[PDB]
Structures are given as C-alpha cells and as structure tokens.
>>> print(open('protein32.cif').read())   # mmCIF, N, CA and C atoms
data_work
#
loop_
_atom_site.label_atom_id
_atom_site.label_comp_id
_atom_site.auth_asym_id
_atom_site.auth_seq_id
_atom_site.Cartn_x
_atom_site.Cartn_y
_atom_site.Cartn_z
N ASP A 1 94.25 42.54 98.06
CA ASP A 1 94.96 42.53 96.78
C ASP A 1 96.03 43.61 96.75
N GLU A 2 96.49 44.02 97.92
CA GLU A 2 97.48 45.09 98.03
C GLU A 2 98.84 44.64 97.51
N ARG A 3 99.15 43.37 97.70
CA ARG A 3 100.38 42.79 97.17
C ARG A 3 100.36 42.75 95.65
N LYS A 4 99.19 42.46 95.08
CA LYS A 4 99.00 42.51 93.64
C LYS A 4 99.24 43.91 93.09
N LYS A 5 98.79 44.91 93.84
CA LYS A 5 99.06 46.30 93.50
C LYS A 5 100.55 46.60 93.49
N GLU A 6 101.26 46.04 94.47
CA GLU A 6 102.71 46.20 94.55
C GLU A 6 103.40 45.57 93.34
N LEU A 7 102.91 44.41 92.92
CA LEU A 7 103.45 43.73 91.76
C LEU A 7 103.28 44.56 90.50
N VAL A 8 102.10 45.16 90.35
CA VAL A 8 101.83 46.05 89.23
C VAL A 8 102.74 47.28 89.26
N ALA A 9 102.90 47.85 90.45
CA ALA A 9 103.79 48.99 90.63
C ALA A 9 105.22 48.66 90.22
N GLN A 10 105.65 47.45 90.55
CA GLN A 10 106.98 46.98 90.16
C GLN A 10 107.10 46.86 88.65
N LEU A 11 106.04 46.36 88.01
CA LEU A 11 106.01 46.23 86.56
C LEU A 11 106.13 47.59 85.88
N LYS A 12 105.50 48.60 86.48
CA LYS A 12 105.62 49.97 86.00
C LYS A 12 107.05 50.48 86.13
N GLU A 13 107.72 50.09 87.21
CA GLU A 13 109.12 50.45 87.41
C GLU A 13 110.02 49.70 86.44
N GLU A 14 109.64 48.47 86.11
CA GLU A 14 110.38 47.67 85.14
C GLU A 14 110.23 48.24 83.74
N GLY A 15 109.07 48.81 83.46
CA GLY A 15 108.83 49.49 82.19
C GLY A 15 107.93 48.67 81.28
N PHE A 16 106.97 47.97 81.88
CA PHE A 16 105.99 47.21 81.12
C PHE A 16 104.80 48.08 80.74
N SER A 17 104.25 47.85 79.55
CA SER A 17 103.11 48.61 79.06
C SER A 17 101.82 48.17 79.74
N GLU A 18 100.75 48.91 79.51
CA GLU A 18 99.45 48.58 80.08
C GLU A 18 99.03 47.16 79.70
N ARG A 19 99.21 46.81 78.43
CA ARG A 19 98.85 45.49 77.95
C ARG A 19 99.73 44.41 78.56
N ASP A 20 101.02 44.71 78.69
CA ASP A 20 101.96 43.79 79.31
C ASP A 20 101.59 43.50 80.76
N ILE A 21 101.25 44.56 81.49
CA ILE A 21 100.81 44.41 82.88
C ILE A 21 99.50 43.64 82.96
N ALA A 22 98.58 43.93 82.04
CA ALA A 22 97.30 43.24 81.99
C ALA A 22 97.48 41.74 81.81
N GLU A 23 98.44 41.36 80.98
CA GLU A 23 98.75 39.96 80.75
C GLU A 23 99.28 39.29 82.02
N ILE A 24 100.24 39.94 82.66
CA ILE A 24 100.85 39.41 83.87
C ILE A 24 99.85 39.38 85.02
N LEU A 25 99.18 40.50 85.25
CA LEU A 25 98.16 40.59 86.29
C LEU A 25 97.02 39.62 86.02
N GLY A 26 96.68 39.44 84.75
CA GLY A 26 95.67 38.47 84.35
C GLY A 26 95.99 37.08 84.88
N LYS A 27 97.24 36.66 84.69
CA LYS A 27 97.69 35.36 85.18
C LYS A 27 97.69 35.32 86.70
N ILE A 28 98.05 36.44 87.32
CA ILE A 28 98.01 36.56 88.77
C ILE A 28 96.59 36.37 89.30
N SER A 29 95.62 36.96 88.60
CA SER A 29 94.22 36.83 88.98
C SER A 29 93.72 35.41 88.74
N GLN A 30 94.40 34.68 87.87
CA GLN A 30 94.09 33.28 87.63
C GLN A 30 94.72 32.39 88.69
N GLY A 31 95.54 32.98 89.55
CA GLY A 31 96.14 32.26 90.67
C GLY A 31 97.66 32.24 90.55
N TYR A 32 98.16 32.58 89.37
CA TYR A 32 99.59 32.50 89.10
C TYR A 32 100.31 33.76 89.57
N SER A 33 100.51 33.86 90.88
CA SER A 33 101.18 35.02 91.47
C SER A 33 102.58 35.19 90.90
N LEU A 34 102.95 36.43 90.59
CA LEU A 34 104.27 36.72 90.05
C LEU A 34 105.35 36.51 91.10
N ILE A 35 106.29 35.62 90.79
CA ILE A 35 107.34 35.25 91.74
C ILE A 35 108.66 35.93 91.40
N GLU A 36 109.08 35.80 90.14
CA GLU A 36 110.37 36.31 89.71
C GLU A 36 110.30 36.87 88.30
N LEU A 37 111.09 37.90 88.03
CA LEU A 37 111.07 38.57 86.73
C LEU A 37 112.42 39.19 86.41
N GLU A 38 113.05 38.71 85.35
CA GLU A 38 114.37 39.20 84.95
C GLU A 38 114.55 39.14 83.44
N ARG A 39 115.08 40.21 82.87
CA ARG A 39 115.30 40.28 81.43
C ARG A 39 116.65 39.70 81.05
N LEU A 40 116.64 38.71 80.15
CA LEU A 40 117.87 38.14 79.63
C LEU A 40 118.10 38.55 78.18
N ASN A 41 118.94 39.56 77.98
CA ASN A 41 119.15 40.14 76.66
C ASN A 41 117.84 40.66 76.08
N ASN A 42 117.42 40.06 74.96
CA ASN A 42 116.25 40.54 74.24
C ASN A 42 115.01 39.72 74.59
N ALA A 43 115.15 38.85 75.59
CA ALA A 43 114.04 38.02 76.04
C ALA A 43 113.79 38.20 77.53
N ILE A 44 112.57 38.63 77.87
CA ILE A 44 112.21 38.86 79.26
C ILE A 44 111.61 37.60 79.88
N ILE A 45 112.18 37.17 81.00
CA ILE A 45 111.73 35.96 81.68
C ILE A 45 110.79 36.30 82.83
N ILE A 46 109.53 35.91 82.69
CA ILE A 46 108.52 36.20 83.70
C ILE A 46 108.00 34.92 84.35
N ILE A 47 108.32 34.74 85.62
CA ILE A 47 108.02 33.50 86.32
C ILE A 47 106.85 33.67 87.28
N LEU A 48 105.79 32.90 87.07
CA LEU A 48 104.62 32.96 87.93
C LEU A 48 104.28 31.58 88.50
N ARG A 49 103.68 31.57 89.68
CA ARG A 49 103.44 30.32 90.41
C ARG A 49 102.03 30.28 90.97
N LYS A 50 101.30 29.22 90.64
CA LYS A 50 100.02 28.93 91.28
C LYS A 50 100.08 27.62 92.06
N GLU A 51 100.15 27.73 93.38
CA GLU A 51 100.32 26.56 94.24
C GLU A 51 101.63 25.84 93.93
N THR A 52 101.53 24.70 93.27
CA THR A 52 102.71 23.90 92.93
C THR A 52 102.97 23.93 91.43
N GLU A 53 102.17 24.69 90.71
CA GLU A 53 102.31 24.80 89.26
C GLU A 53 102.97 26.12 88.87
N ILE A 54 104.12 26.03 88.21
CA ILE A 54 104.87 27.21 87.82
C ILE A 54 104.89 27.38 86.31
N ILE A 55 104.65 28.60 85.85
CA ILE A 55 104.70 28.91 84.42
C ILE A 55 105.71 30.00 84.12
N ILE A 56 106.31 29.94 82.94
CA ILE A 56 107.27 30.96 82.52
C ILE A 56 106.83 31.63 81.23
N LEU A 57 106.58 32.94 81.30
CA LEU A 57 106.29 33.73 80.12
C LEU A 57 107.55 34.38 79.57
N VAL A 58 107.95 33.98 78.37
CA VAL A 58 109.13 34.54 77.72
C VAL A 58 108.74 35.56 76.66
N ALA A 59 109.12 36.82 76.88
CA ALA A 59 108.78 37.90 75.96
C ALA A 59 109.99 38.33 75.15
N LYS A 60 110.16 37.73 73.98
CA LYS A 60 111.30 38.03 73.12
C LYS A 60 110.88 38.86 71.91
N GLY A 61 110.87 40.18 72.08
CA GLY A 61 110.42 41.08 71.03
C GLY A 61 108.92 40.97 70.81
N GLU A 62 108.53 40.44 69.66
CA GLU A 62 107.12 40.23 69.34
C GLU A 62 106.70 38.80 69.63
N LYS A 63 107.65 37.98 70.06
CA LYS A 63 107.38 36.57 70.34
C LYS A 63 107.16 36.33 71.82
N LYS A 64 105.95 35.93 72.18
CA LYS A 64 105.62 35.59 73.56
C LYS A 64 105.18 34.14 73.68
N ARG A 65 105.81 33.40 74.59
CA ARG A 65 105.48 32.00 74.80
C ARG A 65 105.42 31.66 76.28
N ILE A 66 104.49 30.79 76.65
CA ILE A 66 104.32 30.39 78.04
C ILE A 66 104.64 28.91 78.23
N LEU A 67 105.58 28.62 79.12
CA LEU A 67 105.97 27.25 79.42
C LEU A 67 105.54 26.84 80.82
N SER A 68 104.65 25.85 80.90
CA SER A 68 104.32 25.22 82.17
C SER A 68 105.40 24.23 82.59
N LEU A 69 105.77 24.27 83.87
CA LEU A 69 106.84 23.42 84.38
C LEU A 69 106.27 22.20 85.10
N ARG A 70 104.95 22.09 85.12
CA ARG A 70 104.28 21.02 85.85
C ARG A 70 104.57 19.66 85.22
N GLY A 71 105.46 18.90 85.85
CA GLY A 71 105.80 17.57 85.37
C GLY A 71 106.94 17.62 84.35
N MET A 72 107.61 18.77 84.29
CA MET A 72 108.71 18.96 83.35
C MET A 72 110.06 18.86 84.05
N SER A 73 110.96 18.07 83.47
CA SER A 73 112.33 17.99 83.95
C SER A 73 113.18 19.14 83.40
N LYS A 74 114.33 19.37 84.02
CA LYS A 74 115.20 20.47 83.63
C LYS A 74 115.67 20.33 82.19
N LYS A 75 115.87 19.08 81.76
CA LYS A 75 116.25 18.80 80.38
C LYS A 75 115.11 19.12 79.42
N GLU A 76 113.90 18.72 79.79
CA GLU A 76 112.71 19.03 79.00
C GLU A 76 112.44 20.53 78.98
N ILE A 77 112.64 21.18 80.12
CA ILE A 77 112.49 22.63 80.21
C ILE A 77 113.46 23.34 79.29
N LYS A 78 114.71 22.89 79.29
CA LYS A 78 115.72 23.42 78.38
C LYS A 78 115.24 23.37 76.93
N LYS A 79 114.71 22.21 76.54
CA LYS A 79 114.25 22.01 75.17
C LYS A 79 113.14 23.00 74.81
N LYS A 80 112.24 23.24 75.76
CA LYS A 80 111.08 24.09 75.52
C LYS A 80 111.47 25.56 75.57
N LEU A 81 112.44 25.89 76.41
CA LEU A 81 112.98 27.24 76.47
C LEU A 81 113.80 27.57 75.23
N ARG A 82 114.39 26.54 74.64
CA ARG A 82 115.07 26.68 73.36
C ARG A 82 114.08 26.98 72.24
N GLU A 83 112.91 26.35 72.30
CA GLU A 83 111.82 26.66 71.38
C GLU A 83 111.33 28.09 71.58
N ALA A 84 111.30 28.53 72.84
CA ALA A 84 110.95 29.91 73.15
C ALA A 84 111.95 30.88 72.53
N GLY A 85 113.21 30.48 72.49
CA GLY A 85 114.23 31.24 71.77
C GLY A 85 115.36 31.67 72.70
N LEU A 86 115.66 30.82 73.68
CA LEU A 86 116.78 31.07 74.59
C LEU A 86 117.97 30.18 74.25
N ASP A 87 119.17 30.70 74.48
CA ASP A 87 120.39 29.94 74.24
C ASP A 87 120.85 29.22 75.51
N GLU A 88 122.00 28.56 75.42
CA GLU A 88 122.48 27.72 76.51
C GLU A 88 122.58 28.51 77.81
N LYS A 89 123.22 29.67 77.75
CA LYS A 89 123.47 30.48 78.94
C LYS A 89 122.18 31.07 79.49
N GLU A 90 121.32 31.54 78.59
CA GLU A 90 120.05 32.14 78.98
C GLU A 90 119.16 31.12 79.68
N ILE A 91 119.10 29.91 79.13
CA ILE A 91 118.33 28.83 79.73
C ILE A 91 118.87 28.47 81.11
N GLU A 92 120.19 28.36 81.21
CA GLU A 92 120.83 28.10 82.49
C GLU A 92 120.40 29.10 83.55
N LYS A 93 120.42 30.38 83.18
CA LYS A 93 120.03 31.45 84.10
C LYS A 93 118.60 31.28 84.58
N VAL A 94 117.72 30.90 83.66
CA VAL A 94 116.32 30.64 84.00
C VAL A 94 116.20 29.48 84.98
N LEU A 95 116.94 28.40 84.70
CA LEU A 95 116.92 27.22 85.56
C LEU A 95 117.46 27.55 86.95
N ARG A 96 118.47 28.40 87.00
CA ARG A 96 119.04 28.84 88.27
C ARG A 96 118.03 29.64 89.08
N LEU A 97 117.26 30.48 88.40
CA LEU A 97 116.18 31.23 89.04
C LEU A 97 115.13 30.29 89.61
N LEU A 98 114.84 29.22 88.88
CA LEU A 98 113.89 28.21 89.34
C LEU A 98 114.42 27.45 90.54
N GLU A 99 115.73 27.20 90.54
CA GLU A 99 116.38 26.54 91.67
C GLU A 99 116.36 27.42 92.91
N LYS A 100 116.51 28.72 92.71
CA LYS A 100 116.40 29.69 93.80
C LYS A 100 114.99 29.72 94.36
N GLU A 101 114.00 29.69 93.47
CA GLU A 101 112.60 29.64 93.88
C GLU A 101 112.16 30.96 94.50
#
>>> encode(input="protein32.cif", output="structure tokens")
Amino acid sequence: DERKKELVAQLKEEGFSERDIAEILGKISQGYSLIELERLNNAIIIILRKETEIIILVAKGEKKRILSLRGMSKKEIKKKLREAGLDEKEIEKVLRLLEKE
C-alpha cells in the first residue's frame, strides 16, 4: 500500500484536510484508485478508477457530488457534471482529462 501512501502524501501537498483525505482514501480502499486530480475554479475534480469503472468526486465549496461514468456517454456526463455545478468550459476540461486517462 506504499502507492496509496504516496497518493495521501500528494493530497497533503494539494492541501486536503484529514476528512478530505479520508474520503478519497476511503474510495481507494474500496478499489477506486486515485487517477487524476485537478481544481477547476471553485470546484475540485477528483477522478478515481476501479478496474473499468470510473467515478468523479466534485468538491465545490460545501457541495460534494460523485458521478459514476459506467455506461455514461460524454453528453450524459456533461448533463450530470452540470448538476454537480460545472459550466461549459469546466465540463470540457473534465472530459479532456477523461480522454487523457
């Protein structure tokens, strides 16, 4: 679990709180290894992957939402990321990150 330790260390460098790390690491322990993490304005995009199932945790202030991408198209993802509270450009950036993988 040394790689998991590295992920936590990175979260500390990013500036996540104990509870924030616990949430992310919690998902990692559930199999959803942290793949990508980037803050878009006031909403933090946290991308985790378990096998072929990818989830996105969006942390926008006090609003946190998790979107599963399993069986979701880019158009459907856009709609759900809009519900999360992302705009056109922010959603695009997220989709680009997913395309990068």
>>> resolve_selection(input="protein32.cif", expression="the PyMOL selection byres (((chain A and resi 18-27 and name CA) around 10) and name CA)", output="ChimeraX atom specification")
/A:4-5,7-12,15-17,28-34,46-50,55,57,59
>>> write_last_selection(input="protein32.cif", atoms="N, CA and C atoms", output="short mmCIF file (atom, residue, chain, number, x, y, z; two decimals), in the coordinates of the input")
data_model
loop_
_atom_site.label_atom_id
_atom_site.label_comp_id
_atom_site.auth_asym_id
_atom_site.auth_seq_id
_atom_site.Cartn_x
_atom_site.Cartn_y
_atom_site.Cartn_z
N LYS A 4 99.19 42.46 95.08
CA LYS A 4 99.00 42.51 93.64
C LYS A 4 99.24 43.91 93.09
N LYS A 5 98.79 44.91 93.84
CA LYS A 5 99.06 46.30 93.50
C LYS A 5 100.55 46.60 93.49
N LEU A 7 102.91 44.41 92.92
CA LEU A 7 103.45 43.73 91.76
C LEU A 7 103.28 44.56 90.50
N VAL A 8 102.10 45.16 90.35
CA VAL A 8 101.83 46.05 89.23
C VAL A 8 102.74 47.28 89.26
N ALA A 9 102.90 47.85 90.45
CA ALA A 9 103.79 48.99 90.63
C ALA A 9 105.22 48.66 90.22
N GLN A 10 105.65 47.45 90.55
CA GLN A 10 106.98 46.98 90.16
C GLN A 10 107.10 46.86 88.65
N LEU A 11 106.04 46.36 88.01
CA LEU A 11 106.01 46.23 86.56
C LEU A 11 106.13 47.59 85.88
N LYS A 12 105.50 48.60 86.48
CA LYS A 12 105.62 49.97 86.00
C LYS A 12 107.05 50.48 86.13
N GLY A 15 109.07 48.81 83.46
CA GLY A 15 108.83 49.49 82.19
C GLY A 15 107.93 48.67 81.28
N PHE A 16 106.97 47.97 81.88
CA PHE A 16 105.99 47.21 81.12
C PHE A 16 104.80 48.08 80.74
N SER A 17 104.25 47.85 79.55
CA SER A 17 103.11 48.61 79.06
C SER A 17 101.82 48.17 79.74
N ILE A 28 98.05 36.44 87.32
CA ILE A 28 98.01 36.56 88.77
C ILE A 28 96.59 36.37 89.30
N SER A 29 95.62 36.96 88.60
CA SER A 29 94.22 36.83 88.98
C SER A 29 93.72 35.41 88.74
N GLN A 30 94.40 34.68 87.87
CA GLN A 30 94.09 33.28 87.63
C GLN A 30 94.72 32.39 88.69
N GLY A 31 95.54 32.98 89.55
CA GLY A 31 96.14 32.26 90.67
C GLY A 31 97.66 32.24 90.55
N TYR A 32 98.16 32.58 89.37
CA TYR A 32 99.59 32.50 89.10
C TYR A 32 100.31 33.76 89.57
N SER A 33 100.51 33.86 90.88
CA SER A 33 101.18 35.02 91.47
C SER A 33 102.58 35.19 90.90
N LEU A 34 102.95 36.43 90.59
CA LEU A 34 104.27 36.72 90.05
C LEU A 34 105.35 36.51 91.10
N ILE A 46 109.53 35.91 82.69
CA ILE A 46 108.52 36.20 83.70
C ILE A 46 108.00 34.92 84.35
N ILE A 47 108.32 34.74 85.62
CA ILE A 47 108.02 33.50 86.32
C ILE A 47 106.85 33.67 87.28
N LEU A 48 105.79 32.90 87.07
CA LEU A 48 104.62 32.96 87.93
C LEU A 48 104.28 31.58 88.50
N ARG A 49 103.68 31.57 89.68
CA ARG A 49 103.44 30.32 90.41
C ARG A 49 102.03 30.28 90.97
N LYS A 50 101.30 29.22 90.64
CA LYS A 50 100.02 28.93 91.28
C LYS A 50 100.08 27.62 92.06
N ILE A 55 104.65 28.60 85.85
CA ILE A 55 104.70 28.91 84.42
C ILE A 55 105.71 30.00 84.12
N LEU A 57 106.58 32.94 81.30
CA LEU A 57 106.29 33.73 80.12
C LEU A 57 107.55 34.38 79.57
N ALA A 59 109.12 36.82 76.88
CA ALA A 59 108.78 37.90 75.96
C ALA A 59 109.99 38.33 75.15
#
>>> axis_aligned_box(input="protein32.cif", around="region 52-64 of chain A", padding_each_side="4 Å", output="AutoDock Vina command-line options")
--center_x 106.4 --center_y 32.5 --center_z 81.3 --size_x 17.8 --size_y 25.2 --size_z 31.9
>>> atom_distance(input="protein32.cif", atom1="atom C of residue 84 (chain A)", atom2="CA of residue 56 (chain A)")
11.0 Å
>>> closest_residue(input="protein32.cif", among="A:99, A:92, A:83, A:6", to="residue 58 (chain A)", atoms="only C-alpha atoms")
A:83
>>> atom_distance(input="protein32.cif", atom1="atom N of residue 60 (chain A)", atom2="atom N of residue 14 (chain A)")
16.2 Å
>>> resolve_selection(input="protein32.cif", expression="the PyMOL selection byres ((chain A and resi 70-82) around 8)", output="PDB file with N, CA and C atoms, in the coordinates of the input")
ATOM      1  N   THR A  52     101.530  24.700  93.270  1.00  0.00           N
ATOM      2  CA  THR A  52     102.710  23.900  92.930  1.00  0.00           C
ATOM      3  C   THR A  52     102.970  23.930  91.430  1.00  0.00           C
ATOM      4  N   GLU A  53     102.170  24.690  90.710  1.00  0.00           N
ATOM      5  CA  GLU A  53     102.310  24.800  89.260  1.00  0.00           C
ATOM      6  C   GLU A  53     102.970  26.120  88.870  1.00  0.00           C
ATOM      7  N   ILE A  54     104.120  26.030  88.210  1.00  0.00           N
ATOM      8  CA  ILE A  54     104.870  27.210  87.820  1.00  0.00           C
ATOM      9  C   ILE A  54     104.890  27.380  86.310  1.00  0.00           C
ATOM     10  N   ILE A  55     104.650  28.600  85.850  1.00  0.00           N
ATOM     11  CA  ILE A  55     104.700  28.910  84.420  1.00  0.00           C
ATOM     12  C   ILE A  55     105.710  30.000  84.120  1.00  0.00           C
ATOM     13  N   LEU A  67     105.580  28.620  79.120  1.00  0.00           N
ATOM     14  CA  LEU A  67     105.970  27.250  79.420  1.00  0.00           C
ATOM     15  C   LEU A  67     105.540  26.840  80.820  1.00  0.00           C
ATOM     16  N   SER A  68     104.650  25.850  80.900  1.00  0.00           N
ATOM     17  CA  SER A  68     104.320  25.220  82.170  1.00  0.00           C
ATOM     18  C   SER A  68     105.400  24.230  82.590  1.00  0.00           C
ATOM     19  N   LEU A  69     105.770  24.270  83.870  1.00  0.00           N
ATOM     20  CA  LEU A  69     106.840  23.420  84.380  1.00  0.00           C
ATOM     21  C   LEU A  69     106.270  22.200  85.100  1.00  0.00           C
ATOM     22  N   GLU A  83     112.910  26.350  72.300  1.00  0.00           N
ATOM     23  CA  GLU A  83     111.820  26.660  71.380  1.00  0.00           C
ATOM     24  C   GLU A  83     111.330  28.090  71.580  1.00  0.00           C
ATOM     25  N   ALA A  84     111.300  28.530  72.840  1.00  0.00           N
ATOM     26  CA  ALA A  84     110.950  29.910  73.150  1.00  0.00           C
ATOM     27  C   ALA A  84     111.950  30.880  72.530  1.00  0.00           C
ATOM     28  N   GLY A  85     113.210  30.480  72.490  1.00  0.00           N
ATOM     29  CA  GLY A  85     114.230  31.240  71.770  1.00  0.00           C
ATOM     30  C   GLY A  85     115.360  31.670  72.700  1.00  0.00           C
ATOM     31  N   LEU A  86     115.660  30.820  73.680  1.00  0.00           N
ATOM     32  CA  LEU A  86     116.780  31.070  74.590  1.00  0.00           C
ATOM     33  C   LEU A  86     117.970  30.180  74.250  1.00  0.00           C
ATOM     34  N   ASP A  87     119.170  30.700  74.480  1.00  0.00           N
ATOM     35  CA  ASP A  87     120.390  29.940  74.240  1.00  0.00           C
ATOM     36  C   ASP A  87     120.850  29.220  75.510  1.00  0.00           C
ATOM     37  N   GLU A  88     122.000  28.560  75.420  1.00  0.00           N
ATOM     38  CA  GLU A  88     122.480  27.720  76.510  1.00  0.00           C
ATOM     39  C   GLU A  88     122.580  28.510  77.810  1.00  0.00           C
ATOM     40  N   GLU A  90     121.320  31.540  78.590  1.00  0.00           N
ATOM     41  CA  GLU A  90     120.050  32.140  78.980  1.00  0.00           C
ATOM     42  C   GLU A  90     119.160  31.120  79.680  1.00  0.00           C
ATOM     43  N   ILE A  91     119.100  29.910  79.130  1.00  0.00           N
ATOM     44  CA  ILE A  91     118.330  28.830  79.730  1.00  0.00           C
ATOM     45  C   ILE A  91     118.870  28.470  81.110  1.00  0.00           C
ATOM     46  N   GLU A  92     120.190  28.360  81.210  1.00  0.00           N
ATOM     47  CA  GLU A  92     120.830  28.100  82.490  1.00  0.00           C
ATOM     48  C   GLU A  92     120.400  29.100  83.550  1.00  0.00           C
ATOM     49  N   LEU A  95     116.940  28.400  84.700  1.00  0.00           N
ATOM     50  CA  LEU A  95     116.920  27.220  85.560  1.00  0.00           C
ATOM     51  C   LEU A  95     117.460  27.550  86.950  1.00  0.00           C
TER      52      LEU A  95
END
>>> decode(input="protein32.cif", residues="region 76-88 of chain A", atoms="N, CA, C and O atoms", output="CSV table (one decimal), in the first residue's frame")
chain,number,residue,atom,x,y,z
A,76,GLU,N,-24.2,12.7,-21.6
A,76,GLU,CA,-24.8,12.4,-20.4
A,76,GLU,C,-23.9,12.8,-19.2
A,76,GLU,O,-24.4,13.4,-18.2
A,77,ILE,N,-22.6,12.7,-19.3
A,77,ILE,CA,-21.7,13.1,-18.3
A,77,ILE,C,-21.7,14.6,-18.2
A,77,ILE,O,-21.7,15.1,-17.1
A,78,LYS,N,-21.8,15.3,-19.3
A,78,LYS,CA,-21.9,16.8,-19.3
A,78,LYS,C,-23.2,17.2,-18.5
A,78,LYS,O,-23.1,18.1,-17.6
A,79,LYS,N,-24.3,16.5,-18.7
A,79,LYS,CA,-25.5,16.9,-18.0
A,79,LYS,C,-25.4,16.7,-16.5
A,79,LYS,O,-25.9,17.5,-15.7
A,80,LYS,N,-24.7,15.6,-16.1
A,80,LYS,CA,-24.6,15.3,-14.7
A,80,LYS,C,-23.5,16.2,-14.0
A,80,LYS,O,-23.6,16.5,-12.8
A,81,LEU,N,-22.5,16.5,-14.8
A,81,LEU,CA,-21.5,17.5,-14.3
A,81,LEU,C,-22.1,18.9,-14.2
A,81,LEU,O,-21.6,19.7,-13.3
A,82,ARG,N,-23.0,19.2,-15.0
A,82,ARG,CA,-23.8,20.4,-14.9
A,82,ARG,C,-24.6,20.5,-13.6
A,82,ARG,O,-24.7,21.5,-12.9
A,83,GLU,N,-25.2,19.3,-13.3
A,83,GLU,CA,-25.9,19.2,-12.0
A,83,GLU,C,-24.9,19.3,-10.8
A,83,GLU,O,-25.3,19.9,-9.8
A,84,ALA,N,-23.7,18.8,-11.0
A,84,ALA,CA,-22.7,19.0,-10.0
A,84,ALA,C,-22.3,20.4,-9.8
A,84,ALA,O,-22.1,20.9,-8.7
A,85,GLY,N,-22.4,21.2,-10.9
A,85,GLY,CA,-22.2,22.7,-10.8
A,85,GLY,C,-21.1,23.2,-11.6
A,85,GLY,O,-20.4,24.1,-11.2
A,86,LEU,N,-20.8,22.5,-12.7
A,86,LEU,CA,-19.8,22.9,-13.6
A,86,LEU,C,-20.3,23.6,-14.9
A,86,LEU,O,-21.4,23.2,-15.3
A,87,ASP,N,-19.6,24.5,-15.4
A,87,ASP,CA,-20.0,25.2,-16.6
A,87,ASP,C,-19.5,24.5,-17.9
A,87,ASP,O,-18.8,23.5,-17.8
A,88,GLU,N,-19.7,25.1,-19.0
A,88,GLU,CA,-19.3,24.5,-20.3
A,88,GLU,C,-17.8,24.2,-20.4
A,88,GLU,O,-17.4,23.1,-20.7
